[PDB]
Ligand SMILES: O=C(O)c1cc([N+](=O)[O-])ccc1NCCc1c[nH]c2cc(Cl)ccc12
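One chain comes next, on its own, written as structure tokens: the form solved without this ligand.
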């Protein structure tokens, strides 16, 4: 658009093509997202959701969304760190920061609903920020909470804690926890790991729209097997983020007080930009 000069195509997304652009009025570099009234209302409310761990929506040019620009996303970083693995102190700092952003948005009744590594942006200062926050409501299974896969219509902020659980496990193991090709394959990958849910562990699950009594019954695996060699604090946190039951699932604000974060620090990553 006339205020901007597109500098380079960054890539793509569920919403459209993403470009690095330069504001000609001010020389600021931004991310410009070309999208494919209640939507623009909703998208616009997102302008007021400012937190240091949420990528800032600067304006909405009715659609192009102009966002604050960051050089790298967590998927690129993990891919680069795949041989060696991200050091624990950094995983912990990132998790802590993402929990802060979530707790903020969740306090304002705003959910992401589509968290994935390509949506988590990182800088050289050690920050990590949530991109595309809110855009789903305003208008890749791998990070989807089981309530959504089972057809719940009124899912909650819990869904983002699940997604972040899955990411936390991926940073630690250097492998996606639940890499599904179908909703059913997504769900079976989950069940094969945490076991097939039932009323014991998830009260009301059997009433979910897509629940089937004929689901194969798998036994739960130990978390020490799922995220070796994460320590006890980390595993304990992770198990609470990955509870089937959305009401048992730890809140972002609760997670921040977990003892895994007792010695959280803010390391700086090794970025090649």
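Positions refer to the first chain, counted from 1. Between two forms, the rigid core is the largest collection of C-alphas that superpose within 1.5 Å.
According to the record, 4 to 9 deposited residues between residue 62 and residue 63 are left without atomic coordinates.
According to the record, 4 to 9 deposited residues between residue 36 and residue 37 are left without atomic coordinates.
Higher mean CA temperature factor between 153-161 and 166-174: 153-161, per the PDB entry. The PDB entry records a higher mean C-alpha B factor for 24-32 than for its counterpart among 24-32 and 206-214. Comparing the C-alpha B-factors of 238, 43, 226, 70 in the entry, the top value falls on 43. The PDB entry assigns its highest CA temperature factor, among 82, 99, 115, 148, to 82. Ranked by C-alpha B-factor against the other modelled residues of its chain, residue 192 falls in the middle third. For residue 106, the recorded CA temperature factor ranks within the middle third of the chain's modelled residues. Ranked by C-alpha B-factor against the other modelled residues of its chain, residue 252 falls in the lowest third.
Per the deposited record, the Cα B-factor of residue 94 falls in the lowest third when ranked against the other modelled residues of its chain. Residue 242 sits in the lowest third of its chain by CA B factor, as recorded in the PDB entry.
Beyond what is shown, the protein has a form solved in complex with this ligand; the following relates to that form.
Placed here by superposing the C-alphas around the site, this ligand (as posed in the bound PDB entry) has at least 3 atoms within 2.4 Å of backbone or C-beta atoms: blocked pocket. For the candidate spot formed by 178, 184 and 237, no residue has a non-hydrogen atom within 4.5 angstroms of this ligand in the bound PDB entry. At a distance threshold of 4.5 angstroms between non-hydrogen atoms, residue 208 is out of contact with this ligand in the bound PDB entry. Residue contact check for residue 91: none of its heavy atoms lie within 4.5 Å of this ligand in the bound PDB entry. Looking at residue 168, you'd find every heavy atom of it more than 4.5 angstroms from this ligand in the bound PDB entry. Residue 104 belongs to the set of residues with a heavy atom inside 4.5 Å of this ligand in the bound PDB entry. Contacts with this ligand in the bound PDB entry, taken as any heavy atom within 4.5 Å, map within 29-64 to 33, 35, 43, 46, 49, 54, 55, 57, 63.
Comparing C-alpha positions between the shown form and the other one after a rigid core fit, one residue in 134, 197, 117, 180 moves 2 angstroms or more. It is 134.
Taking 2 Å as the criterion, residue 24 counts as shifted between the shown form and the other one: its C-alpha moves by at least this amount when the rigid core is aligned.
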